[PDB]
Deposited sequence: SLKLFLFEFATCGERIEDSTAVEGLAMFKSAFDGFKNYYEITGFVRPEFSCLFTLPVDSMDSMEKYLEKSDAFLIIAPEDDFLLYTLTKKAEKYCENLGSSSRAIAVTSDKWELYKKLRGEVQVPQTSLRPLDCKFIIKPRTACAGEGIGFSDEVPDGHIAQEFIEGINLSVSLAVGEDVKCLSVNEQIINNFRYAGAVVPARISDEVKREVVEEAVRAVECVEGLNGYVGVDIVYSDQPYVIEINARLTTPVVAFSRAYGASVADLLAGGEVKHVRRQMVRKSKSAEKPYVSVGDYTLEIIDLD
């Protein structure tokens, strides 16, 4: 009877804007329903979600008490302002980590540090702390974005790569295994949805997976589920590494007949039924809702 302390920031921590909260809630629900088949889940949720889970209501300020009684933990939280980093570093002092080490998260959380870590090992876009000569967009050094003539303090400048926006879900352990290749649908530099699996050719898939793997092998400490954001122009360009569960995971059960938990446990895909995950306002048939925001998972094609 292994106890898994499961925690997601929007669902169990501080209140965040509904737009982002709906994704966190979806991931927590998905993780809860998946890992509960392999561990006895321990943890708590915010009052607003007391009716959705068979867990007690509590404040994140009391998470130590839960960690002290757990055999493992999995923390899902935004990299923003080193939140994921600090939460993980705190948890590491108690039990086994099913996710990445705080050491690795400190690197992936800072895009400038990640750039220097990856540049000589895998293809990445030109990145700088000042304006670039090539078409570029600015983005916060730490954040889970847009055109600007200048680079404000705390931001990086990064070459804009035109092409297919994707993400690769990997299981990092003794070896690196590809769990899924997802297509990202972006609107105004913001992820509006994902298609699982990606609508790409097999060759493009192979290349994108090859480069995603190459990227994670660069960062010591990554472990468990890791997401890699990539843009395929004429080749794969690694844009970001999320050392934590990412939204596309919510579609795994419907798309593959296997949860991220099943996949991390060595289980294999049972079927392939392409799904579209999308963020919307007051959708009639959502997976989860937060305020007027809804996150849907629907069959595609």
Checking coverage: what stretches of the deposited chain sequence are missing C-alpha positions? 145-148
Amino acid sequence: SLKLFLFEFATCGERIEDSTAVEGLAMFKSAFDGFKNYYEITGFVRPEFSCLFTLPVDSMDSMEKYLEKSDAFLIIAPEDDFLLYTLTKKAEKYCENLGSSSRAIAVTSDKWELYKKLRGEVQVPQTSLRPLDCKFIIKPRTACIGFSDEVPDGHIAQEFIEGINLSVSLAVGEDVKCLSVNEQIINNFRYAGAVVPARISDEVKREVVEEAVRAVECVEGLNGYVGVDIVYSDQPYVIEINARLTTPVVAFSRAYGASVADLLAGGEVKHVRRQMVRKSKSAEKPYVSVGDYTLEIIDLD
From here on, numbers count along this sequence of modelled residues.
Quick check on the record: does 86-94 or 182-190 carry the larger mean Cα temperature factor? 182-190
The stretch whose C-alpha atoms carry the larger average B-factor in the entry, 17-25 or 277-285, is 17-25
Residue of maximum C-alpha B factor among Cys51, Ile41, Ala255, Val250, per deposited coordinates: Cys51
Return the residue from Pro78, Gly154, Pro125, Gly224 that has the highest Cα B-factor in the entry. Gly154
Can you work out whether the C-alpha temperature factor of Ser30 puts it in the lowest, middle or highest third of the chain? middle
Please place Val260 in the lowest, middle or highest third of its chain according to the CA B-factor in the PDB entry. middle
Cα B factor band for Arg141 (lowest, middle or highest third within the chain): highest
Split the chain's modelled residues into thirds by Cα B-factor; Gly120 lands in the highest
Please rank the C-alpha B-factors of the chain's modelled residues and tell me whether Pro131 sits in the lowest, middle or highest third. middle
